[PDB]
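Encoded as structure tokens, the structure appears first; notes follow it.
Because the Cβ atoms are built from the backbone with ideal geometry, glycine has one as well, and the counts that use them run over all protein chains shown. Derivation of every value follows stated rules applied to the coordinates shown; laboratory data play no part.
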Amino acid sequence: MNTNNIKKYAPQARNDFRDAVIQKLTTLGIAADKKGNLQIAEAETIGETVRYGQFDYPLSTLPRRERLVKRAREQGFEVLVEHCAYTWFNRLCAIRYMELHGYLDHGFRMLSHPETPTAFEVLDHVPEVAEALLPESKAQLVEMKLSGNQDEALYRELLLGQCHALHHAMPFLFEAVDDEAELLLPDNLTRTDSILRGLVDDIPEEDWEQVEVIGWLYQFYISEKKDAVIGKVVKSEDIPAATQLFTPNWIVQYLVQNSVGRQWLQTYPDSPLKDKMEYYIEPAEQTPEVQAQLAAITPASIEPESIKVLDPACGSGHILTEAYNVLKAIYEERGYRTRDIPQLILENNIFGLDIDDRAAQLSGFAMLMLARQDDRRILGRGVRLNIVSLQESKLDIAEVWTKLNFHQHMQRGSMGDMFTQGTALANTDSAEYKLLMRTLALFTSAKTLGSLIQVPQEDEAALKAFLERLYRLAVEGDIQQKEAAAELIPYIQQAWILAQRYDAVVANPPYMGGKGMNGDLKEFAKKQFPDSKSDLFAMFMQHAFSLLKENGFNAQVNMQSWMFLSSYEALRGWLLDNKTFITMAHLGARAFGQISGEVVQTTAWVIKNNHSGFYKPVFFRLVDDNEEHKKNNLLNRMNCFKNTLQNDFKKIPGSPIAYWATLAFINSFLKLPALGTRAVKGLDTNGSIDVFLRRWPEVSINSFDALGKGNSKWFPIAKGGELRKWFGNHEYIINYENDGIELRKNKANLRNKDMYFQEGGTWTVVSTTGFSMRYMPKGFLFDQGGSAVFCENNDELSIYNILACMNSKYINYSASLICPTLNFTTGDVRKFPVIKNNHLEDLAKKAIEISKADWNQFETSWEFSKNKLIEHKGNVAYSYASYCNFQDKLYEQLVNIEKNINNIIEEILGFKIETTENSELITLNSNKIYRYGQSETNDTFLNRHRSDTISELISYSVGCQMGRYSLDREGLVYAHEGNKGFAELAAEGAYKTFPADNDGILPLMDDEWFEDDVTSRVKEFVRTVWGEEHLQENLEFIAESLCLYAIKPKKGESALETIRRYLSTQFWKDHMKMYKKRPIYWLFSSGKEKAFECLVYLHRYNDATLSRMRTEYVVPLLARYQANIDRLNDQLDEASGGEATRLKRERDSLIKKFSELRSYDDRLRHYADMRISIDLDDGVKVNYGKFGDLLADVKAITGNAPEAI
DNA sequence: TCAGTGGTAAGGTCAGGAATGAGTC
DNA sequence: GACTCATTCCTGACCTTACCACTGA
Ligand SMILES: C[S@@+](CC[C@H](N)C(=O)[O-])C[C@H]1O[C@@H](n2cnc3c(N)ncnc32)[C@H](O)[C@@H]1O
Ligand SMILES: [Mg+2]
């Protein structure tokens, strides 16, 4: 990938530059403690030399550092560090870009040397470069070049001279003299460990051929900080870090060509510009009244130097570059000279605002480079750009005015204002000037609000005049006047930019919801934007219309939420009664490459500033694809809708923008009863989801309400889950003992308490695969993600009819139309239509029974009874065939039932509906398509299904060995705590056919040394179940099925060898996958070598388990290893040659196993000395980290690395 | 002002084949 | 001069859960 190099390099470059700046600041006596407090040292001046603690500098540097100290007090230390770091990074990147394109006058490279790695070409042409840059002191430099030493100082002087020369062209990025940042430039630039080496030889020089590279830098420099700050409340200083992305080029072209190009083409329909714009959309045919209305406002002529384009959040300047291209085409069409166009465009067409200085620097550099591509003599003229960063007003009020001395030069310096001094307009009045006071009062919190600040248009022209005077006082004034003007210019310039009215506003606004916005921004939004205070992009969308003149265009790409969510309903009304929709492309998710996830789902629109309710917009539906496919579809004008008036959006209550809905569906939807207040929201813990919720297998069943009797601490809860219909997702339990006293002590939100333990339906709030509802029996609670539906005391609708309706294709389509924003909130579900019928109830009952039968066939459900294979006593292959037939019968029955339901629904409405995503999917584990996903072809999961079935059989056998299950009775047998009551169960005869282990420790060895070896007991289980006569073929079938998918086949081995290899290699991972990182059989392993491994049943563990494990399993194993090692030593001397080679090579393995087992035995003795007791109520996650490194995969389960004694 | 219910998110995890790289033989 | 395993390397698919926000008494 082209962007991989920059993506890897940029954050590391940020870290390196920050470290260098911090070190340089510490050398200057400026530092911050752990808490962040300033630690400015005291400067001691002796022998015309300043000292800051231990370090010393010449006296000449004393004043400059003082300014840095001021910047350390008026702003934070971290702000100063970040600013200096990215300033130097941007300067170096700009120099590199200009040297790779030959834009430097001397024509030699600065940061590198062609065809010579780790060299600088500038040092080979010192006289020429010195004459070009430092004519007054070239000879001395030559002398330095003659010295042979002190090359670092020479290179530093040359680089600083290059920067000072570049100051004139780009005042926004380079300084000229008395620059504080020169003190922070790192030394040892020419060495092999400098910051320049990474920049030079970490990015290929072929990546600098286009301006686009700049944009990538703009995104990749700050990615780590974005990851650090995202997800919580964002401070004002961190606002840019969370909202800085790079917009794809085709989206920008679509936005620009349909706003500026459209304005040009309206006046000049027959112009050679439409052929140069690939993304220009032809308007649909309109009624004669609409055409007559439009023709009455179109001007008869447009002057090219009158089109004003503004980017309220310029960022890297991509939108400005595309606008520049379009305007250059327009100027060339009008017939201007080629080399004069760029200056005109940059001086009277392009305007840009940003809240971050880095973005302003990058945008200015990008615009200048794009102009330089066309004009050779540019960068030598005083081109003044109108792309700025907003500055917060904190300077003094009257001191700057006194320094300015306006009356001395022209007039209005003592009391002359826009009005008389004594008028005292509004509250700001005129302490020095009416206009100046009013302007400065508006930017007291600029670094938080940005471009949302409103400036009256009536003050525009006056401001302009004032600005002009400043432009003359910075060139034709004394020192005080020059510095006062240089201080005042940015505020007046930003005010004038905000006070102007524009033909088009094109932007990609920041996205930030209610959680991320801080208090000041939130209260400002509440006061100023009542209809769009819930998000930042909505505020930008509403504020952009106030910056437009009449008949202007607003073109933006933002979140799709405002199209559908209720929080923006009022906003939509305000849009449908005052504005005109021109065009829209709905992009959905997977747009904006280099961004992952489905939170960001976007739409790009162009809207006019006038009102016409009978206009027909053009819509494109580009939701379901990736970025390249979306671009190709947009280029081919695919998925177009042009048959809906703008007023027609107001027929549906709430006025959603549902452009792709059909008229018949709308008519059916309007005249149909809704679900109503039957749907309610579930409970929610305050911040303790991991304290009160468990998975069912990891607690005792005596305290489980669904299984136990009397006392109940744990209750089943519906929490959502993946797509599943009519039954399932019964996997979570909550602590609700004594009516949730512990929950009430935690200030939990127990919503709708009176509906608990009732039967009803439940759906998943957060989903991206479609809508589904499942039956919920009595004795259940429901979470906020598992919101529920309940029937009234006596209503005409039963719960089964509602379930039948909600799982049909009609409701699926309607839910897709109503809730396309990743959430199915209760208020949106409350308006789903419901249909009353009689057959639907029995059809839903049959579907629920089938789904329950499908769900209860695995160990993961607490209603599991027994393994399905062992019910047939004929043969293992015969049992597998019967199992497959049973699953097929279930699948066919459910298919028929759903088909009948859909037919009944369709014959009532009177029309057929289009199939939607997973509209006909059957959500059963008996269906391989649902279980293993969709492949390119069918009949490709037979081997995987067979392997999974055999693995489940082996897991059931292990569970029978542990005593969890039995062959004499169905369901769970022993799931209590601390091995209490197991002796009574064993004495009663619950394991008569297949006895259980006497202590709950199963050695997972690689030999038949132990009598309770797992492989031998699996063989015994197979013999007991399917008889003795056909044992060998059953074992062969099991081994072949395991080798099909679970493990790789081996050249030569028997069935038992394959079983042992699977048990020692794959069983643990399968168990962890099945129980989802909450195991009930814990694996104790010695290490990378299988010296000793065992399985312990969690429910049979007690404080005497480790001692028994050490005594009965580890010490005899050590004795056996010692005896075996002693045996091999005797045979080595007797044998010789190649005969003894195998003995020698196996003795080393035996020695390694013995040493590892001794270390593990020492650790086990230490941990067994402390009698460790665990409470199952604490959960597997907490209890799994109490044994150090004795357990396997501690980090994957607990989440943190195991500790060492 | 506090109860009692609803709303929303420039994201976060995870299975699952392709590289990548140290032991064997 | 290949084999054989144990780590990354994305890559596409899928659902949070905490903390606001909005009425009634
Ligand atoms: C995603 S960038 C878009 C830049 C440009 N469209 C591009 O693709 O390069 C959004 C920018 O808006 C800026 N921004 C955030 N909040 C702002 C505010 N309140 N006022 C003005 N600009 C703001 C951020 O600094 C950020 O750089
Ligand atoms: Mg045992």
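Set the bar at 23 Å for Cα to Cα. Now go through A:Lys713/A:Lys1181; A:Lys308/A:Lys631; A:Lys725/A:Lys889; A:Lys651/A:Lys899; A:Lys522/A:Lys753 and name every pair that lies beyond it. Too far apart for the 23 Å limit: A:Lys308/A:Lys631; A:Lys651/A:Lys899; A:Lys522/A:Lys753. Applying D = kT/(6 pi eta Rh) to region A:868-1017, where Rh is the Kirkwood radius over alpha-carbon pairs, T corresponds to 4 °C and eta to 1.567 mPa s, the Stokes-Einstein value obtained is 66 µm²/s. Once the chain from A:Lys1195 to A:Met755 is taken as fully extended at 0.36 nm per residue, the excess over their C-alpha distance is 154.4 nm. Calculated from the alpha-carbon coordinates, region A:4-209 shows an Rg and a Dmax of 18.1, 53 Å respectively. From the largest down, region A:392-498 spans 36, 29, 25 angstrom on the principal axes of its Cα atoms.
Mean sequence separation of contacting Cα pairs (under 8 Å, at least six apart), scaled by the length of chain A, corresponds to a relative contact order of 6 percent. Global size of region A:261-316: 14.1, 43 Å for Rg and Dmax (C-alpha atoms, Rg to one decimal, Dmax whole). Here the label points at A:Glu742 and A:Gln893, each 7 Å from Cα along the C-beta direction, are separated by 4.1 nm in the simple model.
Between the C-alpha center of region A:967-999 and that of region A:540-591 there is a gap of 67 Å. The trypsin sites (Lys or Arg not before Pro) of region A:574-611 include none that meets both criteria, a DSSP state outside H, G, I, E and B (loop) and at most 12 other C-beta atoms within 10 angstrom of the site's C-beta.
Each part gets one Cα centre, and for region A:1111-1146 versus region A:22-82 those centres are 71 Å apart. Note on chain A: helix-only mean residue ellipticity at 222 nm, from DSSP H runs of 4+ residues weighted -39500 (n - 2.57) and normalised by residue number, equals -13500 deg cm²/dmol.
Taking every alpha-carbon pair under 8 Å whose residues sit at least 6 apart, region A:242-373 reaches a relative contact order of 29 percent. Once you have a ≥ b ≥ c as the square roots of the Cα gyration tensor eigenvalues for region A:91-188, tell me rounded if a/c is under 1.5, and otherwise prolate or oblate according to whether a/b is larger than b/c. Cα axes put region A:91-188 in the rounded bin. Backbone N atoms of region A:454-482 closer than 12 Å to the 7 Å Cα→Cβ label point of A:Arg384 belong to residues A:464-476. Under 17 Å from a label point set 7 Å out along the Cα-to-Cβ vector of A:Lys980, the amide N atoms of region A:1157-1182 belong to A:1172-1179. Working note: Cα gyration tensor of region A:156-200, eigenvalues times five, square-rooted, sorted largest first, giving semi-axes of 22, 12, 9 Å. Which of the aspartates and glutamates could be linked to A:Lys1090 by a straight reach, that is with a Cα gap under 16 Å, when you skip same-chain ones fewer than 8 residues away? Correct list for A:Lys1090: A:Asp1006, A:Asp1007, A:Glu1008, A:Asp1013, A:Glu1057, A:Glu1146, A:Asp1148, A:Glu1156, A:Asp1161, A:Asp1189, A:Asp1193. The mean of 1/r over all pairs of different alpha-carbon atoms in chain A, once inverted, gives a Kirkwood hydrodynamic radius of 36.8 Å. Summary of the geometry: region A:636-703 and region A:803-828, compared by the centres of their Cα atoms, lie 5 Å apart. Which percent of Cα pairs goes in each bin when the distances of region A:62-109 are cut into 10 angstrom slices starting at zero? Histogram of Cα-Cα distances, whole percents per bin: 23, 31, 22, 22, 1.
With a Förster radius of 51 Å applied to the C-beta separation of A:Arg412 and A:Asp520, the computed FRET efficiency comes to 0.90. Computed over the Cα atoms of region A:745-806, the ratio of the radius of gyration to the Kirkwood radius (Rg/Rh) comes to 1.00. In this calculation the C-beta distance from A:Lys1088 to A:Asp33 is compared with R0 = 56 Å, giving a FRET efficiency of 0.80. Starting from the Cα of A:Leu160, step 7 Å toward the Cβ, then list every residue of region A:191-209 with an amide N under 18 Å from that point. Counting only backbone N, you get A:191. The length gained by stretching the chain between A:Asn348 and A:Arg51 to full extension, at 0.36 nm per residue less their Cα-Cα distance, is 101.8 nm.
Close amide H partners of A:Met773, meaning residues 5 or more places away or on another chain with modelled amide H under 5 Å apart, are A:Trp726. Distance between the modelled labels on A:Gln266 and A:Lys866, one decimal in nanometres: 8.0 nm (7 Å Cα→Cβ projection).
Once the Cα-Cα distance is subtracted from the 0.36 nm per residue extended length, the A:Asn998 to A:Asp178 segment shows a gain of 286.7 nm. Only one residue of A:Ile904, A:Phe692, A:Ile717 has its Cα farthest out toward the positive end of the dipole of region A:676-913, where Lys and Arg carry +1 and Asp and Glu -1 on Cβ, and that residue is A:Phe692. Arranged from fewest to most other beta-carbon atoms within 10 Å of their beta carbon, A:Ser363, A:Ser567 become A:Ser567, A:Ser363. All distinct Cα pairs of region A:676-913 go into the 1/r average, and the inverse of that average, the Kirkwood radius, is 19.5 Å. The distance between label points at A:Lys235 and A:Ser798 comes to 6.2 nm (points 7 Å beyond Cα on the Cα→Cβ vector).
Look at the Cα gyration tensor of region A:847-909: its axes a ≥ b ≥ c give a/c of at least 1.5 with a/b at or below b/c, and that counts as oblate. Near A:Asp997: Cβ cut-off under 14 Å, other residues only, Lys/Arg at +1 and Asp/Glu at -1. The net charge is -2.
Can you figure out the FRET efficiency of A:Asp1007 with A:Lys1076, using R₀ = 41 Å and their beta-carbon distance, to the nearest 0.05? In this case the efficiency is close to 0.80. Between 0 and 90 degrees, the angle of helix A:519-528 with respect to the longest Cα principal axis of chain A falls at about 70 degrees. Restricting attention to region A:392-498, the count of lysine pairs at 8 or more positions apart or across chains with alpha carbons under 20 Å apart stands at 8.
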